[PDB]
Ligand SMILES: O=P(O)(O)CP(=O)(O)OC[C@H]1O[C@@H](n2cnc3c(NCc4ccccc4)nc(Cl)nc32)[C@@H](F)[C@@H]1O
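Just one chain is shown here, as structure tokens, and it is the form deposited without the ligand.
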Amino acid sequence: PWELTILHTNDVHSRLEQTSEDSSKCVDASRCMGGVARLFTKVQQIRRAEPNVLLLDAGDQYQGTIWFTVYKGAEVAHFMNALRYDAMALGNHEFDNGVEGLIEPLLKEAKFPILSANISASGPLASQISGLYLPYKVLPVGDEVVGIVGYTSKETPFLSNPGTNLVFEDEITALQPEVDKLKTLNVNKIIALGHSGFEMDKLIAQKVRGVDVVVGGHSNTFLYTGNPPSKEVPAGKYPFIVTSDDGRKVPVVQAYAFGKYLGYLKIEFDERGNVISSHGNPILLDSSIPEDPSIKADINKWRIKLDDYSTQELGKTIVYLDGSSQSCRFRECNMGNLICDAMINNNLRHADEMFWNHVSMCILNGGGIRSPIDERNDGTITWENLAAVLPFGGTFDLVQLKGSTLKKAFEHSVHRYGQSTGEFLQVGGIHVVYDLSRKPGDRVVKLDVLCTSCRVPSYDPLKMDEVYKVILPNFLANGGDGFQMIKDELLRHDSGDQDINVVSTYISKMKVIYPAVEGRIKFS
């Protein structure tokens, strides 16, 4: 048999530096993890030992830390080139700075092919981008070749800023003709590498005839065979085996997010390109693996500009930004309004005639707001100031929630009101009235929400059976602060932009901010 070792990352999300165990800022180095310097060490070790290796990325290198804010993808090209990635699929966040912010720097600077078979362009853009990403690439590996066919979430227009020219086609529809073309070219070993989420990955494995392996991303899915090595709880075995409609067993892999793990899958192929066996597991990139000194020194050189940027003025406030717990855990606070307004602004995407914007609503737990910002430093706001407000390295995500779930969340917000607990909700696009004299669970007496399917935005009563898009911290989407109903009842969840970056961009665009307390939250 011919044995291939697939090394894979996905949803690295700008974690160029090593991180804490929870993928926030590294504080206690002896317990830090990931980063590209440590990844380099492990990849180099494996390449010394195994003859046939591919290093693949399933997208979403863009977005996640100040690295992306400052270097805008140049860090991705540089460090992925240093790691010698063999191929990458486009993720949704590769469109965060528009198609221009993808073409330059990433597509023009990567030394490896960048792939997606289900994105097409028209008009002048089609000529500008032709050949800069590809549906697939056939790569030599030893004396053999392996075809790698890419794909990107069809939902990218709702989850990034690709513009109005690009069209994202159904993944399976686009993939099948490319995989059949590869068969006619005598390519019998085919990896589908792409960025649509574990559920779509399983459908691709089932339905796209000729795919031998699926290497996915987007959903931050952790798969593991055996006892988990850290705190992530597996969603299934690694690999996850799909029985295909052609009657093959097709392994599906993913490797969590944030560069914490290196995916590692060994596949044995017969002479006709059929998978005989597949086995492996993601490797936890913990501190037992040394950071490569050369990569680490280059990381430290690149960090200088980040340190400089972090103390520069982003914009000004003419109001005190009240992020105190005494305010934000007890009543509407103007820091909460600012952050929710920034969240909504970050999620303005292109709209058809059926909505002014696809999402209009925001919730933010007061426990997530960790500092005020004083306006008496000549009004200046810096990144460092924002990092005191939002210190946990999270994202502001998009979910779909039934009205009944959202009502339960607002009841939870005040179920033990008066104790300065973190679950009290700041809001945008929502007007809530509580009556604290009522029993816990029955304190929400009015709950109105901003329409989306309307040409003039206005507030209407929340409807229990209707599904609402809401922007909220990943912490809450994951059930933090007791919001188990959100985790258990949500109907869709996609990871969004970094928390600080969302607020920084809004402040920079607005130039001068003056958020008020304006009656979004009232008490009878």
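Each residue number is its position in the shown sequence, starting from 1.
**Q** Looking only at CA atoms, which has the higher mean B factor in the entry: 59 to 67 or 460 to 468?
**A** Between 59 to 67 and 460 to 468, it is 460 to 468.
**Q** Of 120 to 128 and 172 to 180, which one has the bigger average CA B-factor?
**A** Higher mean C-alpha B-factor: 120 to 128.
**Q** Between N365, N347, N337, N165, which one tops the list for Cα B-factor in this entry?
**A** Highest C-alpha B-factor among the listed residues goes to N165.
**Q** Among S14, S508, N501, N10, where is the Cα B factor highest in this entry?
**A** Of the options given, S508 has the highest CA B-factor in the PDB entry.
**Q** Could you tell me which third, lowest, middle or highest, the C-alpha B-factor of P440 occupies within its chain?
**A** CA B-factor rank for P440: highest third.
**Q** Against its chain's modelled residues, does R47's Cα B factor rank lowest, middle or highest third?
**A** For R47, whose C-alpha B-factor we compare with every modelled residue in the chain, the answer is the middle third.
**Q** How does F392 rank on Cα B-factor within its chain, lowest, middle or highest third?
**A** Highest third of the chain for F392's C-alpha B-factor.
**Q** Among the modelled residues of its chain, does the C-alpha B-factor of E155 lie in the lowest, middle or highest third?
**A** Its C-alpha B-factor belongs to the middle third of this chain's values.
**Q** Taking only the Cα B-factors deposited for this chain, tell me whether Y320 sits in the lowest, middle or highest third.
**A** Ranked within chain, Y320 CA B lands in the middle tercile.
Another form exists, deposited with the ligand bound; not displayed. Remarks below refer to it.
**Q** Any idea which of 267 to 275, 334 to 342, 109 to 117, 87 to 95 reaches within 4.5 Å of the ligand in the bound PDB entry, heavy atoms considered?
**A** Answer to the contact question: 87 to 95.
**Q** Using the partner position in the bound PDB entry, report whether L159 sits within 4.5 Å of the ligand, counting heavy atoms only.
**A** Yes, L159 sits close enough to the ligand in the bound PDB entry that at least one of its heavy atoms falls within 4.5 Å.
**Q** Even though the partner isn't displayed, in the bound PDB entry is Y468 close enough to the ligand, meaning a heavy atom within 4.5 Å?
**A** Residue-level check for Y468: no, no contact with the ligand.
**Q** Applying a 4.5 Å heavy atom distance criterion, does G422 contact the ligand in the bound PDB entry?
**A** Yes, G422 lies within 4.5 Å of the ligand in the bound PDB entry.
**Q** Taking heavy atoms only, is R329 within 4.5 angstroms of the ligand in the bound PDB entry?
**A** Yes, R329 lies within 4.5 Å of the ligand in the bound PDB entry.
**Q** Check each of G368, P135, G428, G280 and return the one that places a heavy atom within 4.5 angstroms of the ligand in the bound PDB entry.
**A** Checked against the cut-off, the match is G368.
**Q** What residues in 213 to 228 sit within 4.5 Å of the ligand in the bound PDB entry, counting heavy atoms only?
**A** Stretch hits, in order: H218, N220.
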